[PDB]
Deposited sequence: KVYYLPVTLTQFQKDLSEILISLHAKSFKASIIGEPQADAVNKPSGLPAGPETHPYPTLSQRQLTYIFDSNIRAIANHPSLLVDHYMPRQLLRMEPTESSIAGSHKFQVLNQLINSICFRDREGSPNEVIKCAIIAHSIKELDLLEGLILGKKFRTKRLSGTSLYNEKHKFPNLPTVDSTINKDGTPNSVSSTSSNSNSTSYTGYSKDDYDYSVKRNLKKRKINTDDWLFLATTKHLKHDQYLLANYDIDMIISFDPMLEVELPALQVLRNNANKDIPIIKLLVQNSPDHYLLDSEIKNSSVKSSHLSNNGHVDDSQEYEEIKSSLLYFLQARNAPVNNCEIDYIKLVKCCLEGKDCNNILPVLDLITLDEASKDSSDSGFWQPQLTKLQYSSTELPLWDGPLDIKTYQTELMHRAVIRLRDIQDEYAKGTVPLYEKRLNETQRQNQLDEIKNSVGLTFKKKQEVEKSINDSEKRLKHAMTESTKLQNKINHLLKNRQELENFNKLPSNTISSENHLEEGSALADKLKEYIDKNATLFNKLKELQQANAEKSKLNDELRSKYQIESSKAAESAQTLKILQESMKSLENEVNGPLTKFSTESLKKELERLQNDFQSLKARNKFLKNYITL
């Protein structure tokens, strides 16, 4: 059983490969259509393309100082490549699987010592029992693979069995590391430790090997192999020539020509599930979640093009000339340096629109909130004036009853005057009646004042109701406008976040192991050493 996982590049590796194409395109075009020759040129071309595909920190012609490896987090480590992200996802899926008691063992195969050191730095602290079958290990722990005098002159010594209830035993899956070179130079390295699955970080393992035939023979079940596949690369072409069913120079040239043609390949796949995949792999069945892509179909590509940034406007000189090794190093160095300056300046200029967007957002939120407060206050005041309009209605009713009673007395005494006037015999009744009519007129003026005040109160109530009915519409309009702007605000925030990530990536690359010159190039602890149970949470025995 052999398997394949599609893996693609990241923006950083894309830009670095464009830089390399810029440095290598002209002589390659001349070829197809102690300085150096085209042979060593194409060799360095392919080797550096592969190195960039495998965690671009390997682009430098050096070794990691063997100290910073155990001093950087997994996030900053796997932020460079995508292969490391996929492999870390795979390892995490295999370590947190649903387990009775299984001590399943796995093997991991690299191509050289650089990649192996990077791996062992990535998988140092995890919950595994590891053994590096290649020399010069990194923090070797001693996990060994399987294959009371109380008195004088007496002898009891029950101590031994005592410890057989005290020693805690590990239950961590085994995981071995190896390189294909040392795997082919010797043999029998895998027939000793019965393993179940091999993860080949190299995609060209040449599946029929002696040291693997002995393993396929001695084992009981069928063993699955998992090769990480770069989606388009100078090795995927050959790997596809194998997937179906002198001359190395011509194969190299054809692969690199295909890589140049398919650099701008539009479509790559996604959506890889890991738990079902590791289940299928461990049980020994044909897995179907893996994608069957297998190839991509075939003047205009000799021109390198980087990723277009907002207001960047840069260019590439294409190096249409001869070269030499030290000139190669220096040229690549200053090209990376000028691109670094440009991306730095690019980051430091998108800061301004973010400021204004934040300010407008803050002001709009405060305006909304003040509007809500005003709405509440106005409704409260109207609710208060309600009971007053009710009592005013009561007073108006009282005044109207008084009016009716007074007009009835007016009519009665006026009829009495009508009696007493014809053939007069004048009493004081007309005087008293006139006095009563004057009282009626006075209280009529009073009631008129009161009904006027009632009408005024009514109009005030209605006007306040109108104001409260308008305020809510105002709030709703402001809410709608806010949401409309919020969409684009979130978009710009996310974009600048991603740009910060890419800038930090390039900075940390050129900061550490760096291209051959120092032209541009501890508290606070950014290198993960806030020491609370770090060294003692290494096993230290």
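Stretches of the deposited sequence absent from the structure, as judged by C-alpha coordinates, are 34-56, 123-125, 174-201, 300-315, 369-378, 602-609.
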